[PDB]
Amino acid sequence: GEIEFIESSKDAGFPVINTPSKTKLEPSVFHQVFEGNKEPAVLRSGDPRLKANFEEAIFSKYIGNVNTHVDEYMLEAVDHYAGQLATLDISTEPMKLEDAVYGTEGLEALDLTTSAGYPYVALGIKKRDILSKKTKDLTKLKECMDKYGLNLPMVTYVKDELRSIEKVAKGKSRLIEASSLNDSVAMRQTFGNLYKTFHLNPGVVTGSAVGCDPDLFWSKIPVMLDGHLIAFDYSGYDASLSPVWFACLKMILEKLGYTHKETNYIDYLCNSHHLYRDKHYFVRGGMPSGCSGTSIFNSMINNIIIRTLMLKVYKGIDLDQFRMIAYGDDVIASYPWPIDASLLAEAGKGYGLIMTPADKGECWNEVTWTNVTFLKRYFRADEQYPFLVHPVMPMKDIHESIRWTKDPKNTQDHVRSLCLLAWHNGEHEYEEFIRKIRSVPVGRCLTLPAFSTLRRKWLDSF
């Protein structure tokens, strides 16, 4: 992806978008009881923790585009992946408006707490002013979509989240795009059945884990990925994507039966128009993370990418024995024979992708079931039921999360969610976690699940 044109918003009649200046993250009551290093990401240029220029840093992931056409390796990758998706009988019929907006099996209702995008954000019109969970009203939405149309600018926000010491100092805060409510709804109508099918079928046919439940999905992963593991990191996957990869995605969707007209929204994602504060700018390439479907579309492109790289380096590869699962940029994969991921990474560089060893490792080491991670979680077979696999979020990450809060009124839900992650680290670690929680008076006011209850419910879920 590449920023192609920037101008002052006032020169085009756009008002300044007044987005937050302060973080909503504050130290929690557990901030002293636990250790951590992360702090809220930089949100503004004058932040005293900066050791770099903020605005250059947040837009630096737009590293440019490689300008090639769809080549022979991409074509075969698209064909192979299309054959897999064909077995799922994805409907290309539009999803009915009430289902696309207010919820159906496999597609949660449109999130009413996130930004309504342009022009609503400049008019004081929130999603709740248009939509109604209680009534499922569609009449105001119909009025708004008729009045303001489609293909509206995206609004760029800086993500308010905890980041490492290094990412705070370098100002490398993440950007999230808000599609206009109008475009979010239209994309959910166009692709909602695809979204539903992916959410309902995480695994090695979709090549997707979007919407998975790690407590359950984890025991399936080693059954599906029964060869030599392949894993690696991307640097700035979304913004690195060149238009050629969106062309590949359009080819895949048309093989699924979408019309050329129905794939036009992929052009809306690839060649995009944005408002950031007082600026208005155009981008060619890059996935605008936060628009409708970007996790699923990133995952589908990743399925095309890895197959392309394998075909290009290993002529004679048999993709019918390759298996992979992606969640956006995050990939875990396997092949019955060893594969040199450093060769893949060099092939990736030729396509404008930045690939490095898994989990910030220094060398291209062997990926094993002991050291592999997916969605930041390790894989640990249960001692007693060895066919059941614990997803293991490191306690370090649980400690980082519990030390901050965006709303202490939600303390009970926050801590309980962390308990559901922590107990997979074993009973001694969970006991210690609970004890430290309870060393603060708030902690003894909370309903915390017992280790044995967590284990019993997990075992019973299978």
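Counting begins at 1, following the sequence as shown.
Residue 362, present in the displayed chain, goes without coordinates in a third or more of the other PDB entries compared that cover both sides of it. The records show that residue 18 is included in the coordinate set of every other eligible entry of this protein, so it is not omitted in a third of them. Higher mean CA B-factor, judged across 143-151 and 331-339 from the recorded values: 143-151. For the pair 79-87 and 302-310, the record assigns the higher mean C-alpha temperature factor to 79-87. Ranking 117, 203, 257, 243 by the C-alpha B-factor listed in the PDB entry places 257 at the top.
The entry lists C-alpha B-factors for 367, 209, 392, 354, and the highest of these is at 367.
In the deposited entry, the Cα temperature factor of residue 401 sits in the bottom third of values across the chain's modelled residues. In the deposited entry, the Cα temperature factor of residue 422 sits in the bottom third of values across the chain's modelled residues.
Looking at the C-alpha B-factors along this chain, the one for residue 30 belongs to the middle third.
Among all modelled residues in this chain, the alpha-carbon of residue 128 has a temperature factor (C-alpha) in the highest third. Among all modelled residues in this chain, the alpha-carbon of residue 214 has a temperature factor (C-alpha) in the lowest third.
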